[PDB]
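Comments concern the structure below.
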Amino acid sequence: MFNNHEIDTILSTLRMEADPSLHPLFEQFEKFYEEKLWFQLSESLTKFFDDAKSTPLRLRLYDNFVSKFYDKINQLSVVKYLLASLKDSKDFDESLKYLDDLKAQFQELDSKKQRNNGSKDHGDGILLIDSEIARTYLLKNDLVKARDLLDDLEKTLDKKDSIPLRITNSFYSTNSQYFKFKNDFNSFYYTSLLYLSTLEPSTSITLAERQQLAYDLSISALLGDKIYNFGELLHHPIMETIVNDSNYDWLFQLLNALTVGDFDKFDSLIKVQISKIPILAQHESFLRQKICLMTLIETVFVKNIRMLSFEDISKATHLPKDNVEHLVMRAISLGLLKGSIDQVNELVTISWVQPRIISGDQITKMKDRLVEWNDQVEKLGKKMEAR
Amino acid sequence: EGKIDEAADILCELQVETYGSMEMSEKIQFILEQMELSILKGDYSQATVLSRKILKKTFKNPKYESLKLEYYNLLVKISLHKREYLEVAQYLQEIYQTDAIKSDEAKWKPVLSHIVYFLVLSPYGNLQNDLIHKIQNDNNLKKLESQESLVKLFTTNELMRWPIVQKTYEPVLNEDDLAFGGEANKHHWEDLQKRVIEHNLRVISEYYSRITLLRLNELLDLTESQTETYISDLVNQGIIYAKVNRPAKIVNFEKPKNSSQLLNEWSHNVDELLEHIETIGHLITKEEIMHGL
């Protein structure tokens with residue numbers, strides 16, 4: 001189809017007259033790489049919709065068009081696209097070769113004009129090298145090499161104003177990858193949440209990126225937790241128009257599985273092997289206590305008091321008498337509790353202090369509690385008033 | 001020949017006369033020979049005096065990494081007759097710095113590992129934290145990662161942990177002769193055992209307000225007679241206190257027991273209600289405006 005030659009050439013002409021800038025072997029060459037329903041460029045503003053969507057062997061030609069692009073448009077666009085396009089295009093060997101080309105200079109010093117970070121804006125000359133050396137180096141090589149790359153990535157985050165945000169993006173994606181690379185689905189769940197949180201409200205997104213993040217969140221959320229296993233994912237976008245692909249049924253399957261507490265349901269939650277991890281082997285006890293704790297916390301007394309029967313914690317969790325003894329024993333260690341449960345008197349007498357789930361039955365519960373708090377105050381006031 | 005006394009007598013006169021002159025290397029050397037002979041006799045106290053003197057000497061000298069190592073080899077041996085983990089731990093700490101600048105990670109990693117593991121036998125966990133916190137001790141190194149995981153494991157301990165530890169590791173549980181003089185395999189078991197037993201009581205006090213003794217004897221996996229004793233020694237030392245109600249077979253860990261606590265707890269409770277009323281006040285006012293809008 002003509003649309004890559006058509007859009008690139010007309011816009012290329014529009015934003016500068018002609019002077020070594022039209023490029024007929026560029027116009028044909030890009031034409032050759034992508035004339036399908038995906039295009040390899042769409043010039044200037046168009047570079048925010050079409051830029052490399054297949055392996056971009058046009059690369060050496062584009063280096064001479066980076067050497068035109070500034071006066072065809074702006075600041076941001078140059079630093080925004082051409083580092084990410086190789087990375088999404090799965091051009092790992094090529095990404096490194098372009099990082100040798102660019103290294104740290106593209107118009108610094110008495111060219112002036114404030115510098116941001118790449119993959120959104122025109123960056124820090126140094127910050128491109130630093131961020132992407134970590135992104136590439138992690139994928140390639142070991143965890144000990146990774147801890148070392150993260151410490152440098154940490155130095156560069158610290159060393160700046162927070163203003164362009166692009167650098168912070170670099171930090172979360174980089175850091176999330178180490179927790180993927182090991183086993184650390186709980187640490188990864190926190191990092192992926194942060195990555196999505198500073199990704200979505202400013203756009204700049206790519207279908208490849210949102211595919212990793214939603215699927216990666218779904219595996220990490222089964223694989224580890226600390227707060228509660230699905231209430232937070234109903235105030236926590238798992239598929240609210242981030243992307244719906246890769247069988248997000250699993251999130252809803254998890255809540256049904258958490259309640260029943262069937263083993264059959266755990267295999268039929270995702271698929272056999274990926275349900276187990278090996279993550280879930282430690283996980284099921286932690287996950288297990290989470291469902292029990294929340295369900296009781298709302299229900300037992302409208303006020304919220306730190307009195308629980310040991311028996312009704314067993315009955316609700318659906319576990320034998322020794323087992324619950326061990327599980328609770330771990331659970332006090334984890335905190336969000338304290339005040340001192342008496343393991344004789346059979347009094348689970350630990351203090352009320354934890355967060356309460358969702359805006360739903362939080363609100364029902366709040367009304368009941370409000371009428372009571374108010375009524376109590378009003379009596380004291382009345383009596384005083386009168387005398 | 002076996003004339004230990006005779007060789008020492010001639011070595012003792014020599015070193016004293018030489019002192020303060022004739023090379024720093026040469027003098028430190030005589031002191032190592034001397035301690036080696038001293039330890040066999042029973043002359044640990046003579047060995048401690050020699051130790052004070054050499055320690056000043058190694059400090060004076062610039063470029064003394066060999067000298068410091070040699071002192072370390074002597075030092076641990078004397079501590080083996082006595083039994084202080086603090087002596088060995090501290091002088092090794094000063095050897096850490098010297099090992100980063102001068103030497104490879106090959107010299108440094110067995111020493112680091114031995115030091116922390118020495119502290120693991122050592123019965124009070126309050127030293128252990130200090131050594132683990134370390135900036136290049138919390139990042140990487142395989143042995144580093146093995147020790148830190150043990151450091152988390154103690155926090156959580158319910159003392160079904162100890163055979164788990166005993167089986168799982170065998171190097172990093174029997175490893176010696178690499179920055180220390182060694183110690184029996186059987187001695188590592190003795191020490192580890194005492195250390196865990198104490199730490200189970202130590203957590204148990206915080207986490208649970210009461211436990212019965214029958215449950216507690218099962219948790220330590222232990223005979224009542226011994227449990228009563230392990231507990232008795234601890235409470236008496238005053239790292240912690242607990243109290244036993246013998247005819248119930250209940251161990252109180254106690255709870256708040258004084259008015260001074262209760263007055264301050266109350267004035268806290270007020271302080272939290274107050275703060276809620278102001279946060280709620282501005283918060284609600286905000287909610288209102290954007291209903292408007």
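Chains: A, B, ... in order of the structure tokens. Residues: from 1 per chain. Ligands: from 1, in order shown.
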
Practice task
Would you return as number ranges by chain the members of region 112-285 of chain A that DSSP assigns to alpha helix (DSSP H) on this structure's backbone?
Solution key: A: 125-140, 143-158, 166-181, 185-197, 207-223, 249-260, 263-267, 272-276, 280-285

Practice task
Going by DSSP on the backbone, which bits of region 60-259 of chain B are strand (DSSP E)? Write them as a list in words, please.
Solution key: residues 208, 209, 210, 211, 212, 243, 244, 245, 250, 251 and 252 of chain B

Preceding selection exported with N, CA, C and O atoms as a PDB file, in the first residue's frame:
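So the final result, stored in result23.pdb, reads:
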```pdb
ATOM      1  N   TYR B 208       2.706 -13.685  71.366  1.00  0.00           N
ATOM      2  CA  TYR B 208       1.568 -14.235  72.084  1.00  0.00           C
ATOM      3  C   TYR B 208       1.597 -13.756  73.523  1.00  0.00           C
ATOM      4  O   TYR B 208       2.643 -13.675  74.145  1.00  0.00           O
ATOM      5  N   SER B 209       0.414 -13.404  74.083  1.00  0.00           N
ATOM      6  CA  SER B 209       0.235 -12.827  75.336  1.00  0.00           C
ATOM      7  C   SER B 209       0.365 -13.910  76.327  1.00  0.00           C
ATOM      8  O   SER B 209       1.018 -13.733  77.359  1.00  0.00           O
ATOM      9  N   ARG B 210      -0.288 -15.107  76.144  1.00  0.00           N
ATOM     10  CA  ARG B 210      -0.071 -16.306  76.987  1.00  0.00           C
ATOM     11  C   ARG B 210       0.151 -17.483  76.068  1.00  0.00           C
ATOM     12  O   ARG B 210       0.007 -17.388  74.873  1.00  0.00           O
ATOM     13  N   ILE B 211       0.852 -18.493  76.564  1.00  0.00           N
ATOM     14  CA  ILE B 211       0.863 -19.824  75.894  1.00  0.00           C
ATOM     15  C   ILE B 211       0.811 -20.716  77.051  1.00  0.00           C
ATOM     16  O   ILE B 211       1.184 -20.356  78.162  1.00  0.00           O
ATOM     17  N   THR B 212       0.262 -21.982  76.875  1.00  0.00           N
ATOM     18  CA  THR B 212       0.331 -22.910  78.004  1.00  0.00           C
ATOM     19  C   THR B 212       1.663 -23.524  77.844  1.00  0.00           C
ATOM     20  O   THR B 212       2.286 -23.532  76.767  1.00  0.00           O
ATOM     21  N   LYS B 243       6.843 -15.355  83.548  1.00  0.00           N
ATOM     22  CA  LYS B 243       6.482 -15.825  84.857  1.00  0.00           C
ATOM     23  C   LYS B 243       5.700 -17.103  84.679  1.00  0.00           C
ATOM     24  O   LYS B 243       4.880 -17.241  83.776  1.00  0.00           O
ATOM     25  N   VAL B 244       5.940 -18.115  85.525  1.00  0.00           N
ATOM     26  CA  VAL B 244       5.242 -19.362  85.417  1.00  0.00           C
ATOM     27  C   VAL B 244       4.264 -19.571  86.511  1.00  0.00           C
ATOM     28  O   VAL B 244       4.514 -19.281  87.649  1.00  0.00           O
ATOM     29  N   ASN B 245       3.049 -20.028  86.151  1.00  0.00           N
ATOM     30  CA  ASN B 245       1.981 -20.353  87.091  1.00  0.00           C
ATOM     31  C   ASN B 245       1.988 -21.870  86.963  1.00  0.00           C
ATOM     32  O   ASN B 245       1.366 -22.393  86.047  1.00  0.00           O
ATOM     33  N   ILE B 250       0.762 -22.881  82.796  1.00  0.00           N
ATOM     34  CA  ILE B 250       0.576 -21.746  82.000  1.00  0.00           C
ATOM     35  C   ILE B 250       1.775 -20.892  82.221  1.00  0.00           C
ATOM     36  O   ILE B 250       2.278 -20.940  83.376  1.00  0.00           O
ATOM     37  N   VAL B 251       2.281 -20.247  81.247  1.00  0.00           N
ATOM     38  CA  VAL B 251       3.407 -19.361  81.302  1.00  0.00           C
ATOM     39  C   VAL B 251       2.717 -18.105  80.907  1.00  0.00           C
ATOM     40  O   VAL B 251       2.147 -17.991  79.819  1.00  0.00           O
ATOM     41  N   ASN B 252       2.760 -17.126  81.820  1.00  0.00           N
ATOM     42  CA  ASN B 252       2.447 -15.756  81.536  1.00  0.00           C
ATOM     43  C   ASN B 252       3.700 -15.122  80.966  1.00  0.00           C
ATOM     44  O   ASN B 252       4.818 -15.409  81.382  1.00  0.00           O
TER      45      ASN B 252
END
```

Problem - region 342-354 of chain A environment, 12 Å, only C-alpha atoms, sequence neighbours closer than 3 positions dropped, as a VMD selection string - result: (chain A and resid 227 to 228 293 to 294 297 to 298 301 303 to 314 325 to 326 328 to 329 331 to 332 335 to 339 357) or (chain B and resid 204 to 216 248 to 255)

Problem - Nearby residues (only C-alpha atoms) at most 12 Å from residue 281 (chain A), same-chain spacing under 5 positions excluded, as JSON, numbers by chain - result: {"A": [222, 223, 224, 263, 266, 273, 274, 275, 276, 286, 287, 288]}

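With only C-alpha atoms as the basis for measurement, A:144 is the residue among A:144, A:260, A:84, A:57 that approaches chain B most closely.
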
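Residues surrounding region 4-21 of chain B within 9 Å are residues 1, 24, 27, 30, 31, 33, 34, 37, 38, 40 and 41 of chain B [only C-alpha atoms; sequence separation below 3 positions excluded].
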
Exercise for the section: Measuring atom to atom with only C-alpha atoms, identify which of A:150, A:83, A:129, A:207 is nearest to chain B. Expected result: A:150

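In terms of minimum interatomic distance to chain B, A:147 ranks closest within A:265, A:383, A:147, A:315, counting only C-alpha atoms.
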
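Using only C-alpha atoms for every distance, the candidate list B:138, B:183, B:224, B:233 yields B:138 as the residue closest to chain A.
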
Problem - All residues 12 Å or closer to residue 136 (chain B), only C-alpha atoms, same chain fewer than 5 positions away omitted, as number ranges by chain - result: A: 147-148, 151; B: 96-97, 100, 105, 108-109, 112, 131, 141, 144-145

Please, could you write that set of residues out with N, CA, C and O atoms as a CSV table (one decimal), in the first residue's frame?
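Now in result-v3.csv:
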```csv
chain,number,residue,atom,x,y,z
A,147,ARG,N,21.9,-6.9,39.8
A,147,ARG,CA,21.8,-6.2,41.1
A,147,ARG,C,22.7,-5.0,40.9
A,147,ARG,O,22.4,-3.8,41.2
A,148,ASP,N,23.8,-5.2,40.2
A,148,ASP,CA,24.8,-4.2,39.9
A,148,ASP,C,24.4,-3.0,39.0
A,148,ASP,O,24.7,-1.9,39.2
A,151,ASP,N,21.8,-0.8,40.9
A,151,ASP,CA,22.3,0.2,41.7
A,151,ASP,C,22.7,1.5,41.0
A,151,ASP,O,22.5,2.6,41.5
B,96,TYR,N,38.3,-6.4,57.9
B,96,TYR,CA,37.4,-6.2,56.7
B,96,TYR,C,37.9,-5.1,55.8
B,96,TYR,O,37.8,-5.2,54.5
B,97,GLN,N,38.3,-3.9,56.4
B,97,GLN,CA,38.6,-2.7,55.7
B,97,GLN,C,39.8,-2.9,54.8
B,97,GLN,O,39.8,-2.6,53.6
B,100,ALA,N,39.1,-5.1,51.6
B,100,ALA,CA,38.6,-4.4,50.5
B,100,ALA,C,39.6,-3.7,49.6
B,100,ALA,O,39.6,-4.0,48.4
B,105,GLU,N,38.3,-10.6,46.1
B,105,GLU,CA,37.1,-11.1,46.8
B,105,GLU,C,37.4,-12.5,47.3
B,105,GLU,O,36.6,-13.0,48.1
B,108,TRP,N,38.6,-12.0,50.8
B,108,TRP,CA,37.6,-11.4,51.6
B,108,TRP,C,36.4,-12.2,51.9
B,108,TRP,O,35.9,-12.1,53.0
B,109,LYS,N,35.8,-12.9,50.9
B,109,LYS,CA,34.5,-13.7,51.1
B,109,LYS,C,34.7,-14.8,52.1
B,109,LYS,O,33.7,-15.0,52.8
B,112,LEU,N,34.4,-12.9,55.8
B,112,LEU,CA,33.1,-12.3,56.0
B,112,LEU,C,32.2,-13.3,56.4
B,112,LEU,O,31.4,-13.2,57.4
B,131,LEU,N,26.3,-6.6,62.1
B,131,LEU,CA,27.1,-7.2,61.1
B,131,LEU,C,26.4,-7.4,59.8
B,131,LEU,O,26.8,-7.0,58.7
B,141,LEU,N,27.0,-11.8,46.8
B,141,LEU,CA,27.8,-12.8,47.5
B,141,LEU,C,26.9,-14.0,47.8
B,141,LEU,O,26.1,-13.8,48.7
B,144,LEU,N,26.7,-14.5,51.6
B,144,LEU,CA,26.0,-13.3,52.1
B,144,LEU,C,24.5,-13.5,52.2
B,144,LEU,O,23.8,-13.1,53.1
B,145,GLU,N,24.0,-13.9,51.0
B,145,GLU,CA,22.6,-14.3,50.8
B,145,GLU,C,22.2,-15.4,51.7
B,145,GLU,O,21.1,-15.5,52.2
```
